[PDB]
Amino acid sequence: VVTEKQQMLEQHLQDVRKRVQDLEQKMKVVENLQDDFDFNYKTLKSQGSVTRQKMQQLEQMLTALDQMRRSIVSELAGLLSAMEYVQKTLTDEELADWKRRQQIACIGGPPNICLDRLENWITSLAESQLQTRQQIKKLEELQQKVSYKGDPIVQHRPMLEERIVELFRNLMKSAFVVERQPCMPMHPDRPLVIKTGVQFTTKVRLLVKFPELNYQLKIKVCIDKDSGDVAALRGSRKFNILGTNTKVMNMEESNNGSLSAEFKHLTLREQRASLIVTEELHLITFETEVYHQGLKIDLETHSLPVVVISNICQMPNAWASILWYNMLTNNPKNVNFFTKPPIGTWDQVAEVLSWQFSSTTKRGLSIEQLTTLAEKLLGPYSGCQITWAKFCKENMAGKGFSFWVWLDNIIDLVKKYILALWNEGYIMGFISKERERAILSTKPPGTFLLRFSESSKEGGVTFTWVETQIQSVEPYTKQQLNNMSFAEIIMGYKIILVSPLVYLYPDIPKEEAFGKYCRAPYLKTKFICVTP
Amino acid sequence: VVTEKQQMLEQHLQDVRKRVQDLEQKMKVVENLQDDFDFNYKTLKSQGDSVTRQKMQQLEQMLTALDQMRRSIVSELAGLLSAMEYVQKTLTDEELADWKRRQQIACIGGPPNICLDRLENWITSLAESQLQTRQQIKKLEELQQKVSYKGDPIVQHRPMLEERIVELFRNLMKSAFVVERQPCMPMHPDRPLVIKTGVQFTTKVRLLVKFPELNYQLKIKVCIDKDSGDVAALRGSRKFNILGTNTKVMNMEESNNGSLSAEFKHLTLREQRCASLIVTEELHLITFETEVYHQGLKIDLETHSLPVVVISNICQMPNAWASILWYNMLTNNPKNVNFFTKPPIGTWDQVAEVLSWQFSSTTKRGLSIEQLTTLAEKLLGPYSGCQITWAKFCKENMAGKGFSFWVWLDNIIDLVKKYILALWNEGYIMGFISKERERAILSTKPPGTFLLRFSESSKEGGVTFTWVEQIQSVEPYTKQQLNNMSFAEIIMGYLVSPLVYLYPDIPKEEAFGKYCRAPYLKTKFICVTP
DNA sequence: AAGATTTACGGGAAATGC
DNA sequence: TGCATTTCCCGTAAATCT
């Protein structure tokens with residue numbers, strides 16, 4: 001899955017390693033010569049024509065020494081610029097892309113979430129810098145021993161040290177990331193939504209892969225760390241994290257030795273204009289401090305915005321808010337997003353809509369079948385704008401409920417009662433009556449369709465059969481649906497004066513598609529209302 | 001609902017009031033005469049600076065009459081103390097103790113004569129009488145400070161009189177502090193003395209000494225497992241704490257009748273984490289305490305609940321309830337937590353009463369002896385004196401089945417509440433009958449005569465009926481199944497064909513019809529024969 | 001008042017103790 | 001191990017806030 005630019009980054013990183021290596025060798029040469037210069041110098045003073053040519057050699061050794069410092073110092077600076085320039089591609093371009101991909105993952109997109117490459121690049125670069133700094137320290141030690149007027153260690157060394165410290169210090173900061181966003185174990189498909197009292201899990205990783213830090217750092221987690229008007233908005237609820245809020249970062253489980261810290265069993269408790277709870281947003285923040293080779297570096301990171309709810313019947317509106325947010329911004333910390341919520345093109349929405357099915361189950365929605373829903377948002381499809389109100393905030397067109405609330409419930413019906421049946425391709429599910437009409441027009445009596453109810457909150461399932469004159473039945477509710485499967489009821493259906501339907505549109509007979517999902521001493525009992 | 005003995009107690013209490021009244025009057029007479037004696041005495045001393053002769057005779061005679069009146073009073077005070085002493089024990093050890101038993105029978109579903117109004121009246125009447133008697137004894141003391149002589153019966157008797165009356169009042173105060181409502185979860189009103197951890201329960205105490213000066217004076221502290229973990233107590237049981245607000249002020253509020261009480265709501269139980277008995281039989285006590293300071297005295301009051309079983313999931317309740325049934329059916333001991341190490345043996349009489357109550361208080365009618373007797377055979381096999389053991393009843397399964405007699409029964413009770421209360425206790429269900437005696441329907445009656453019967457082949461419950469050709473019946477519809485259609489609806493709902501008469505002679509739709517009952521197509525289902 | 005939001009708690013399920 | 005007991009947490013209902 002590699003890209004043009006990624007191949008250059010990896011190339012520039014091996015380059016940086018090469019230069020640190022080349023420079024190391026130069027330091028050994030300069031240091032030996034400086035040893036040699038001292039030993040001869042000391043010998044001459046000890047002495048107190050043959051003698052005269054030794055002074056000429058001392059003289060010449062020194063010239064070469066100064067030449068070698070200049071060379072080194074100059075090449076150190078070149079390396080710093082290159083590291084400086086390559087770091088910004090690492091941190092502001094490749095890392096920042098992985099962060100977006102996290103947002104798209106959470107809501108059900110293509111999960112290229114792997115940090116293995118990034119961690120490798122970053123640790124490669126970190127390794128390179130810490131050695132560069134040990135080289136600068138070396139130069140310093142050398143000037144303490146041997147200096148003169150004009151000495152380029154005296155003149156450049158502090159800048160070199162300053163640049164490298166600042167580099168390492170920011171790379172360390174970028175490397176502390178949230179590997180798994182807060183999520184309830186119980187609702188794996190709806191992260192960034194936390195109900196009070198129920199447990200959620202979150203994980204951080206330091207991508208600077210240093211073994212000497214194993215078990216060294218404690219991470220503290222918390223929520224609303226900078227609230228009470230620290231940035232903005234005075235109105236909102238405030239929570240605390242209960243359970244065990246600090247945890248030690250280690251390499252444990254041996255995934256690949258990565259430094260991480262995983263928080264389990266955390267709960268949220270409420271501390272007791274604006275926005276409805278469903279659109280209100282909070283941040284979970286992680287912190288720590290590293291002390292490494294002379295430096296103290298504070299690390300900090302935070303989660304994506306989370307919505308906190310208190311009953312689970314609030315989740316379907318809460319999830320929409322997560323969908324909408326992560327669909328349309330790349331900003332990690334915009335809690336006031338829902339005061340002025342962005343407006344989303346039909347393209348954006350439709351992708352995301354499919355993902356909801358395509359990650360609770362195996363296939364998404366077919367463009368034609370999804371496009372049925374497209375008419376429902378507007379009226380008789382690429383540049384069309386969808387507004388938060390059209391989507392979730394207000395009800396749709398005289399029904400008592402939301403477009404998304406209604407949709408989500410179907411997405412639940414598939415999971416609870418008909419998952420297999422759903423993506424066998426068996427369900428068309430979404431179709432307008434005008435275009436529903438073109439089955440019996442084209443096909444023989446007993447050709448049927450599987451369709452979802454629009455006249456209902458939560459969900460109902462429906463079907464097309466003939467006597468023609470197209471007919472259909474009162475959608476069986478879930479409370480009803482517990483007892484018999486929809487496939488069982490389809491194949492169980494008849495109109496005791498009985499009989500039913502024959503072909504799942506287009507040409508397939510009934511029992512081949514739907515028979516696989518089909519099923520003194522008193523009297524065994526199983527039933528169907530079928531018709532009156 | 002008054003009794004012979006109760007009428008005498010009330011009579012003896014009006015008597016005690018009469019004597020305190022009669023004595024009060026005697027104290028006024030003695031005190032006036034003593035005023036008079038002083039004033040004359042003082043006048044004679046004033047004189048020291050025939051007439052003066054006969055005044056000394058009157059002083060002399062006033063004094064004699066004074067001493068006479070003290071003796072009389074002191075003697076009658078003592079008589080009263082004995083009578084109060086004797087009447088208190090009937091109040092406290094006989095009438096109060098009976099109300100306490102009746103509480104136990106109430107909790108498990110018996111006749112609820114639980115009213116404390118009478119008791120509180122008697123006790124407050126007596127308390128009022130004693131505190132006045134003591135103010136009379138104090139008065140006698142004041143009088144001896146003023147006027148005494150050799151032989152004076154206040155000097156000689158007064159301390160005993162004071163000692164007896166203090167001890168009396170002090171114990172009557174202690175008996176009067178009681179638990180009016182036993183701990184119970186609001187959500188399970190019919191199963192008190194069973195508390196699940198985390199869920200709220202409510203309990204109430206009352207001081208039956210009806211004194212208005214104590215309104216808002218006393219703080220009651222509640223708690224659980226106080227003085228447990230080894231002051232005679234069994235080792236290795238669980239220990240809990242009460243969360244929420246564990247003290248509360250006693251007042252006369254709501255004006256029920258002005259009674260002093262303190263009600264605890266919203267309390268929860270939490271295990272104090274960090275083998276003798278299973279949790280369901282393990283017992284704890286909730287204790288209430290306070291201290292009263294009243295007219296010179298400090299009195300500690302204490303009381304406690306009946307034994308409670310603490311559970312943690314609600315699926316534990318039906319064995320927990322049995323334990324409450326068994327305990328309160330068979331002991332009158334308020335604090336026996338080791339009861340279930342050696343549990344008593346219960347006669348079929350005792351059990352059958354209690355069994356009916358469970359239906360008779362979740363719903364309107366109990367069990368008919370005939371229908372109840374079907375269950376009786378199930379405990380033993382082909383009943384007045386027959387003994388039932390805790391193991392037969394609840395601890396072990398009934399032979400062959402994988403579950404308890406009581407667990408199975410309780411579930412049926414639940415079934416009557418959740419799906420068929422009306423249909424139940426209309427007479428409409430016989431419900432419990434042996435096949436041998438089930439057989440005597442179509443033997444006597446015409447084809448389509450049916451019965452309503454409960455399943456034995458099932459944990460939780462099932463409901464069943466008679467269908468004839470071949471006597472027949474169907475796979476009992478489970479409660480899950482039963483959510484969708486009522487049993488009456490399904491009976492009357494039943495190429496199809498069903499039944500005609502609820503045994504004995506009643507047709508179908510008169511008894512069971514009252515509980516019965518483009519644009520797509522409205523549909524409802526009936527399994528029927530198939 | 002009605003609408004929003006949170007609390008309460010059964011019941012099945014899973015985890016933990018023993 | 002299997003069995004006992006407790007925790008977990010949805011989902012409806014009721015309570016509370018606004």
# chains A, B, ... in the order shown; residues from 1 in each chain; ligands from 1

call {"tool": "interface_residues", "arguments": {"of": "chain A", "to": "chain B", "cutoff": "6 Å", "atoms": "only C-alpha atoms", "output": "PyMOL selection string"}}
result
chain A and resi 472-474+496+522-524+527-529

call {"tool": "write_last_selection", "arguments": {"atoms": "C-alpha atoms", "output": "CSV table (one decimal), in the first residue's frame"}}
result
chain,number,residue,atom,x,y,z
A,472,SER,CA,-48.3,-6.1,1.5
A,473,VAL,CA,-48.8,-6.6,5.2
A,474,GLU,CA,-48.7,-4.7,8.6
A,496,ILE,CA,-57.5,-22.4,6.9
A,522,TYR,CA,-48.7,-33.3,24.5
A,523,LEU,CA,-48.3,-31.7,21.0
A,524,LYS,CA,-45.5,-29.7,19.4
A,527,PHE,CA,-47.4,-20.9,14.3
A,528,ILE,CA,-48.4,-18.3,11.8
A,529,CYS,CA,-51.1,-15.7,11.7

call {"tool": "closest_atom_pairs", "arguments": {"of": "chain B", "to": "chain D", "cutoff": "9 Å", "atoms": "only C-alpha atoms (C1' of nucleotides)", "output": "JSON lines"}}
result
{"residue": "B:278", "atom": "CA", "partner": "D:4", "partner_atom": "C1'", "distance": 8.4}
{"residue": "B:279", "atom": "CA", "partner": "D:5", "partner_atom": "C1'", "distance": 8.3}
{"residue": "B:312", "atom": "CA", "partner": "D:6", "partner_atom": "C1'", "distance": 6.4}
{"residue": "B:313", "atom": "CA", "partner": "D:6", "partner_atom": "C1'", "distance": 7.5}

call {"tool": "select_by_dssp", "arguments": {"residues": "region 253-317 of chain A", "states": "strand (DSSP E or B)", "output": "mmCIF file with C-alpha atoms, in the first residue's frame"}}
result
data_model
loop_
_atom_site.group_PDB
_atom_site.id
_atom_site.type_symbol
_atom_site.label_atom_id
_atom_site.label_comp_id
_atom_site.auth_asym_id
_atom_site.auth_seq_id
_atom_site.Cartn_x
_atom_site.Cartn_y
_atom_site.Cartn_z
ATOM 1 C CA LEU A 259 5.445 1.492 24.215
ATOM 2 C CA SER A 260 1.805 1.854 25.183
ATOM 3 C CA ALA A 261 -0.622 2.163 27.984
ATOM 4 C CA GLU A 262 -4.078 0.850 27.861
ATOM 5 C CA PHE A 263 -6.850 2.035 30.188
ATOM 6 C CA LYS A 264 -9.606 -0.361 30.891
ATOM 7 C CA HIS A 265 -12.583 -0.242 33.131
ATOM 8 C CA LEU A 266 -12.874 3.598 33.146
ATOM 9 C CA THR A 267 -16.319 5.127 33.859
ATOM 10 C CA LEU A 268 -17.728 8.567 33.499
ATOM 11 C CA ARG A 269 -19.786 10.346 36.266
ATOM 12 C CA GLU A 270 -21.538 13.637 35.913
ATOM 13 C CA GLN A 271 -20.218 16.342 38.165
ATOM 14 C CA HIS A 282 -15.898 16.594 25.537
ATOM 15 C CA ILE A 284 -10.406 12.950 27.158
ATOM 16 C CA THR A 285 -6.782 14.088 27.579
ATOM 17 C CA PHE A 286 -3.687 12.046 28.425
ATOM 18 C CA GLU A 287 -0.534 13.421 29.987
ATOM 19 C CA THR A 288 2.932 12.489 31.112
ATOM 20 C CA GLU A 289 6.485 13.738 31.564
ATOM 21 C CA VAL A 290 9.702 12.045 30.310
ATOM 22 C CA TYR A 291 13.053 12.688 31.685
ATOM 23 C CA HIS A 292 15.657 11.484 29.156
ATOM 24 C CA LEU A 295 15.906 16.815 29.202
ATOM 25 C CA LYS A 296 12.441 17.052 30.698
ATOM 26 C CA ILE A 297 9.733 16.789 28.094
ATOM 27 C CA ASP A 298 6.000 17.096 28.740
ATOM 28 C CA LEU A 299 3.807 15.012 26.582
ATOM 29 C CA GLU A 300 0.162 15.544 26.048
ATOM 30 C CA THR A 301 -2.522 14.288 23.722
ATOM 31 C CA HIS A 302 -6.270 13.965 23.678
ATOM 32 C CA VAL A 306 -16.765 12.313 22.510
ATOM 33 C CA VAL A 307 -20.423 12.612 23.296
ATOM 34 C CA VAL A 308 -21.498 11.578 26.759
ATOM 35 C CA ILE A 309 -24.977 10.105 27.239
#

call {"tool": "interface_residues", "arguments": {"of": "chain B", "to": "chain C", "cutoff": "10 Å", "atoms": "only C-alpha atoms (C1' of nucleotides)", "output": "list in words"}}
result
residues 187, 198, 199, 200, 275, 313, 314 and 315 of chain B

call {"tool": "atom_distance", "arguments": {"atom1": "CA of residue 172 (chain B)", "atom2": "CA of residue 245 (chain B)"}}
result
28.7 Å

call {"tool": "select_by_dssp", "arguments": {"residues": "region 214-348 of chain B", "states": "alpha helix (DSSP H)", "output": "PyMOL selection string"}}
result
chain B and resi 317-330+348

call {"tool": "residues_around", "arguments": {"residues": "residue 452 (chain B)", "least_positions_apart": "5", "cutoff": "7 Å", "atoms": "only C-alpha atoms (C1' of nucleotides)", "output": "MDAnalysis selection string"}}
result
chainID B and resid 429:431 464:465

call {"tool": "interface_residues", "arguments": {"of": "chain A", "to": "chain D", "cutoff": "8 Å", "atoms": "only C-alpha atoms (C1' of nucleotides)", "output": "PyMOL selection string"}}
result
chain A and resi 198+312-313

call {"tool": "residues_around", "arguments": {"residues": "residue 289 (chain B)", "least_positions_apart": "2", "cutoff": "12 Å", "atoms": "only C-alpha atoms (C1' of nucleotides)", "output": "number ranges by chain"}}
result
B: 174, 177-179, 205-207, 218-224, 226, 246-250, 262, 286-287, 291-292, 299-305

call {"tool": "write_last_selection", "arguments": {"atoms": "N, CA, C and O atoms", "output": "compact mmCIF listing (two decimals), in the first residue's frame"}}
result
# COMPACT_ATOMS: atom_id res chain seq x y z
N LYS B 174 -38.01 1.93 76.40
CA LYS B 174 -37.32 0.96 75.57
C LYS B 174 -38.19 0.02 74.78
O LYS B 174 -37.83 -0.37 73.70
N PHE B 177 -39.90 1.68 71.46
CA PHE B 177 -39.21 1.96 70.20
C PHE B 177 -39.30 0.70 69.34
O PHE B 177 -38.72 -0.31 69.69
N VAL B 178 -40.08 0.74 68.26
CA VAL B 178 -40.30 -0.42 67.39
C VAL B 178 -40.16 -0.14 65.91
O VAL B 178 -40.20 0.98 65.49
N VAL B 179 -40.08 -1.20 65.14
CA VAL B 179 -39.95 -1.12 63.71
C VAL B 179 -41.34 -1.27 63.14
O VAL B 179 -41.93 -2.31 63.19
N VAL B 205 -39.40 3.41 61.80
CA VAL B 205 -39.52 3.14 63.22
C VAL B 205 -40.45 4.14 63.86
O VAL B 205 -40.68 5.20 63.37
N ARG B 206 -40.97 3.76 64.99
CA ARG B 206 -41.90 4.57 65.69
C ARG B 206 -41.59 4.46 67.16
O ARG B 206 -41.22 3.38 67.65
N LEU B 207 -41.75 5.56 67.88
CA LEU B 207 -41.71 5.56 69.34
C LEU B 207 -43.14 5.67 69.79
O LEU B 207 -43.78 6.63 69.49
N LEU B 218 -35.00 13.67 68.44
CA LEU B 218 -34.15 12.48 68.37
C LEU B 218 -33.66 12.12 66.99
O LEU B 218 -34.37 12.14 66.03
N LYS B 219 -32.42 11.75 66.89
CA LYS B 219 -31.84 11.29 65.68
C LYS B 219 -31.69 9.76 65.77
O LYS B 219 -31.12 9.25 66.74
N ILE B 220 -32.24 9.03 64.81
CA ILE B 220 -32.14 7.61 64.73
C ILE B 220 -31.04 7.25 63.72
O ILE B 220 -31.01 7.71 62.57
N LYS B 221 -30.15 6.36 64.15
CA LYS B 221 -29.11 5.86 63.26
C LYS B 221 -29.40 4.48 62.80
O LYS B 221 -29.58 3.68 63.61
N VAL B 222 -29.40 4.18 61.52
CA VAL B 222 -29.60 2.81 61.08
C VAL B 222 -28.30 2.16 60.64
O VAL B 222 -27.36 2.84 60.23
N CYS B 223 -28.20 0.85 60.73
CA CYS B 223 -27.02 0.18 60.17
C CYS B 223 -27.20 -1.32 60.11
O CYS B 223 -28.16 -1.84 60.59
N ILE B 224 -26.28 -2.02 59.51
CA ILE B 224 -26.43 -3.44 59.28
C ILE B 224 -25.18 -4.12 59.81
O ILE B 224 -24.17 -3.49 60.02
N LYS B 226 -24.03 -4.64 62.71
CA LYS B 226 -23.40 -4.08 63.89
C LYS B 226 -23.27 -5.23 64.83
O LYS B 226 -24.20 -6.02 64.91
N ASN B 246 -27.84 7.58 56.57
CA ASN B 246 -28.04 6.61 57.62
C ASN B 246 -28.48 7.16 58.94
O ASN B 246 -28.55 6.41 59.85
N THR B 247 -28.72 8.44 59.08
CA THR B 247 -29.39 8.87 60.24
C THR B 247 -30.55 9.69 59.83
O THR B 247 -30.52 10.31 58.79
N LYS B 248 -31.57 9.75 60.68
CA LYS B 248 -32.69 10.57 60.35
C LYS B 248 -33.51 11.00 61.51
O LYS B 248 -33.67 10.28 62.48
N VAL B 249 -34.08 12.19 61.42
CA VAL B 249 -34.76 12.78 62.58
C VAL B 249 -36.20 12.29 62.74
O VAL B 249 -36.95 12.18 61.77
N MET B 250 -36.55 12.03 63.98
CA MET B 250 -37.85 11.50 64.33
C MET B 250 -38.81 12.65 64.51
O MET B 250 -38.54 13.54 65.30
N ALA B 262 -39.79 7.89 62.21
CA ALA B 262 -38.65 8.24 61.44
C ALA B 262 -38.67 7.22 60.36
O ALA B 262 -38.59 5.98 60.60
N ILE B 286 -30.77 -5.39 60.52
CA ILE B 286 -30.69 -3.95 60.43
C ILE B 286 -31.14 -3.44 61.79
O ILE B 286 -32.18 -3.76 62.17
N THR B 287 -30.34 -2.61 62.44
CA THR B 287 -30.52 -2.15 63.79
C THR B 287 -30.73 -0.66 63.80
O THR B 287 -30.02 0.02 63.05
N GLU B 291 -30.75 7.98 71.51
CA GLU B 291 -30.65 8.27 72.92
C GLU B 291 -31.66 9.39 73.19
O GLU B 291 -31.78 10.30 72.41
N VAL B 292 -32.40 9.30 74.29
CA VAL B 292 -33.36 10.34 74.71
C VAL B 292 -32.89 10.92 76.00
O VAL B 292 -32.57 10.19 76.93
N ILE B 299 -31.83 7.81 78.33
CA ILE B 299 -32.24 6.47 78.04
C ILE B 299 -31.85 6.09 76.64
O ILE B 299 -32.23 6.79 75.72
N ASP B 300 -31.18 4.96 76.48
CA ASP B 300 -30.74 4.46 75.19
C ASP B 300 -31.79 3.61 74.59
O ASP B 300 -32.21 2.67 75.20
N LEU B 301 -32.15 3.85 73.35
CA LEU B 301 -33.15 3.04 72.74
C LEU B 301 -32.50 2.31 71.62
O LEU B 301 -31.61 2.81 70.96
N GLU B 302 -32.98 1.12 71.38
CA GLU B 302 -32.41 0.27 70.38
C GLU B 302 -33.45 -0.66 69.85
O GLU B 302 -34.26 -1.13 70.61
N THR B 303 -33.45 -0.98 68.57
CA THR B 303 -34.34 -2.01 68.08
C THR B 303 -33.71 -2.49 66.81
O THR B 303 -32.71 -1.97 66.43
N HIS B 304 -34.27 -3.52 66.21
CA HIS B 304 -33.72 -4.10 65.02
C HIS B 304 -34.79 -4.71 64.19
O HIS B 304 -35.89 -4.74 64.58
N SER B 305 -34.48 -5.17 63.02
CA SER B 305 -35.47 -5.55 62.05
C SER B 305 -35.66 -6.99 62.27
O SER B 305 -34.97 -7.58 63.06

call {"tool": "interface_residues", "arguments": {"of": "chain A", "to": "chain C", "cutoff": "10 Å", "atoms": "only C-alpha atoms (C1' of nucleotides)", "output": "list in words"}}
result
residues 276, 277, 309, 310, 311 and 314 of chain A

call {"tool": "closest_residue", "arguments": {"among": "B:257, B:90, B:25, B:478", "to": "residue 6 (chain B)", "atoms": "only C-alpha atoms"}}
result
B:90

call {"tool": "residues_around", "arguments": {"residues": "residue 514 (chain A)", "least_positions_apart": "2", "cutoff": "9 Å", "atoms": "only C-alpha atoms (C1' of nucleotides)", "output": "mmCIF file with C-alpha atoms, in the first residue's frame"}}
result
data_model
loop_
_atom_site.group_PDB
_atom_site.id
_atom_site.type_symbol
_atom_site.label_atom_id
_atom_site.label_comp_id
_atom_site.auth_asym_id
_atom_site.auth_seq_id
_atom_site.Cartn_x
_atom_site.Cartn_y
_atom_site.Cartn_z
ATOM 1 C CA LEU A 421 -30.666 -12.740 5.094
ATOM 2 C CA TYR A 426 -31.503 -10.968 -0.754
ATOM 3 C CA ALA A 487 -37.275 -15.919 6.255
ATOM 4 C CA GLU A 488 -39.314 -18.412 8.359
ATOM 5 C CA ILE A 490 -41.789 -15.472 4.380
ATOM 6 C CA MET A 491 -41.672 -19.237 3.748
ATOM 7 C CA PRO A 509 -37.513 -19.560 -6.780
ATOM 8 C CA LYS A 510 -38.496 -19.355 -3.147
ATOM 9 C CA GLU A 511 -37.015 -22.350 -1.313
ATOM 10 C CA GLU A 512 -33.468 -22.251 -2.711
ATOM 11 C CA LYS A 516 -31.319 -22.463 4.184
ATOM 12 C CA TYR A 517 -32.420 -19.892 6.860
ATOM 13 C CA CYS A 518 -35.620 -21.794 7.444
#

call {"tool": "residues_around", "arguments": {"residues": "residue 260 (chain B)", "least_positions_apart": "2", "cutoff": "9 Å", "atoms": "only C-alpha atoms (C1' of nucleotides)", "output": "list in words"}}
result
residues 205, 206, 207, 208, 209, 210, 211, 212, 214, 215, 216, 250, 251, 252, 253, 258 and 262 of chain B

call {"tool": "residues_around", "arguments": {"residues": "region 369-378 of chain B", "least_positions_apart": "4", "cutoff": "9 Å", "atoms": "only C-alpha atoms (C1' of nucleotides)", "output": "VMD selection string"}}
result
chain B and resid 348 352 355 to 356 382 to 383 398 405 430 to 434

call {"tool": "write_last_selection", "arguments": {"atoms": "C-alpha atoms", "output": "PDB file, in the first residue's frame"}}
result
ATOM      1  CA  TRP B 348     -48.677 -29.276  56.158  1.00  0.00           C
ATOM      2  CA  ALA B 352     -50.697 -24.697  53.137  1.00  0.00           C
ATOM      3  CA  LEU B 355     -48.931 -21.145  50.369  1.00  0.00           C
ATOM      4  CA  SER B 356     -52.429 -19.699  49.753  1.00  0.00           C
ATOM      5  CA  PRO B 382     -51.218 -40.396  49.061  1.00  0.00           C
ATOM      6  CA  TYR B 383     -52.202 -34.677  55.114  1.00  0.00           C
ATOM      7  CA  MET B 398     -38.344 -32.540  43.902  1.00  0.00           C
ATOM      8  CA  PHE B 405     -41.051 -27.413  44.895  1.00  0.00           C
ATOM      9  CA  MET B 430     -58.404 -25.194  38.766  1.00  0.00           C
ATOM     10  CA  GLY B 431     -54.700 -25.108  37.840  1.00  0.00           C
ATOM     11  CA  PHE B 432     -53.493 -27.806  40.193  1.00  0.00           C
ATOM     12  CA  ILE B 433     -54.807 -31.306  39.618  1.00  0.00           C
ATOM     13  CA  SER B 434     -53.477 -34.859  39.360  1.00  0.00           C
TER      14      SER B 434
END

call {"tool": "atom_distance", "arguments": {"atom1": "CA of residue 392 (chain B)", "atom2": "CA of residue 319 (chain B)"}}
result
13.2 Å
